[PDB]
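Peer 1: My sequence and its experimental structure, below.
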Amino acid sequence: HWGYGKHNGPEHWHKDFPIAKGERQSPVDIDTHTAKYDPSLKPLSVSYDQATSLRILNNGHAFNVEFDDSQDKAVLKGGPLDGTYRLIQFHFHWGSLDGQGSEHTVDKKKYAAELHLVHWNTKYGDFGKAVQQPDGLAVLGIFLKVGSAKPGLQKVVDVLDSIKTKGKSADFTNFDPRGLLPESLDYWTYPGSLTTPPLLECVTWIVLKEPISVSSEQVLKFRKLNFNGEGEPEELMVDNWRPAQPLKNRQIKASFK
Ligand SMILES: N#CC1(c2ccccc2)CCN(C(=S)S)CC1
Ligand SMILES: [Zn+2]
């Protein structure tokens, strides 16, 4: 099965998922000097005050913080987006070392990790339908750098011991994802894909320019998770990122000058 090892990693994925070599794959390098300011882009609207988190799951490739998406409770709109996109979950991609871990890069710079807040277009009724559409998802990508602690991340860090291995989940109610956002909502946007199999080309990417800072202790706790199941040889959950893919026939737009 696919993963991030030498024998089943990103360079292998195309064999089971031929779309891996498609025309709008993610992540990509964001060349800041080539991205064009688009004055017609609207400001983002991130409405998370009514978010209802439910559970945290180690799915064997990352951990997902899941939300109740059966009503418009936490939504993303505006920016490049037409309509309303509901928050379903967030997860991260991170490295074994502070110098790698992000999927998107900025002028080839890699960050220590990258947060993906995943939202689906409500005009498609459910997430499974939405991923089959070119405008089905909007993913808000936020870079993490190591420095000062992010206080709003700590509740996530502290539950990881309870979901160390693949398939473990834990109750995770009343978590406020507003505590994971940087001050500025300036962003780059482009059409792309999921960055894990099934690699579906259904994502409007919205990548924030301003990283959040997390502490070395916080990211060290991510790196204590396991890709393996309980009672299996330990394989640390690290370097669960896909490298940058060809930009092909796409332009990255900036919301800012
Ligand atoms: N979990 C999960 C994802 C998934 C998994 C199976 C089918 C469709 C989507 C959605 C969010 N993902 C990205 S934003 S990288 C990871 C893959
Ligand atoms: Zn992701």
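Peer 2: Perfect, thanks for sending it. Numbering: from 1, shown residues only. Ligands and ions are numbered 1, 2, ... in the order given.
Peer 1: Excluding chain neighbours, what is closest to residue 132?
Peer 2: residue 202 (6.9 Å; CB to CB, 6 or more residues apart in numbering). C-betas here are computed from N, CA, C, even on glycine.
Peer 1: Could you check how many residues crowd around that neighbour?
Peer 2: Residue 202 has 24 neighbours, counted by other CB atoms under 10 Å.
Peer 1: Report the contact partners of the closest residue to residue 198 other than its chain neighbours.
Peer 2: Leaving aside its sequence neighbours, residue 198 sits nearest to residue 17 (CB to CB, 6+ apart; 5.8 Å). Residue 17 sits next to 2, 197-199 when contact means CB atoms under 8 Å, 6 or more residues apart in numbering.
Peer 1: What degree of burial does residue 237 show, as a neighbour count?
Peer 2: Applying other CB under 10 Å, we find 25 residues neighbouring residue 237.
Peer 1: Begin at 24 from now on, thanks
Peer 2: Done: numbering now begins at 24, and the last item shifts to residue 260.
Peer 1: Would you mind measuring from it to ligand 1?
Peer 2: 14 Å (CB to the nearest ligand atom, to the nearest Å).
Peer 1: For that residue, which non-adjacent residue is spatially closest?
Peer 2: Per CB to CB, 6+ apart, closest to residue 260 is residue 248, 3.8 Å.
Peer 1: Neighbours of that neighbour, how many?
Peer 2: Residue 248 has 23 neighbouring residues, counting by other CB under 10 Å.
Peer 1: Residue 194 and residue 80 touch, don't they?
Peer 2: No: the pair residue 194 and residue 80 does not pass the contact test of CB atoms under 8 Å, sitting 11.0 Å apart.
Peer 1: out of the two, which sits in the more crowded spot?
Peer 2: Using other CB under 10 Å, the more surrounded residue of residue 194 and residue 80 is residue 80, with 20 against 11.
Peer 1: any idea how far that one lies from ligand 1?
Peer 2: Using CB to the nearest ligand atom, residue 80 is found at 9 Å from ligand 1.
Peer 1: Just read off the phi/psi values of the closest residue to residue 65 other than its chain neighbours.
Peer 2: Once flanking residues are discounted, residue 65 sits nearest to residue 101: 4.6 Å by CB to CB, 6+ apart. According to degrees, to the nearest 10, the main-chain angles of residue 101 amount to phi 80, psi -160.
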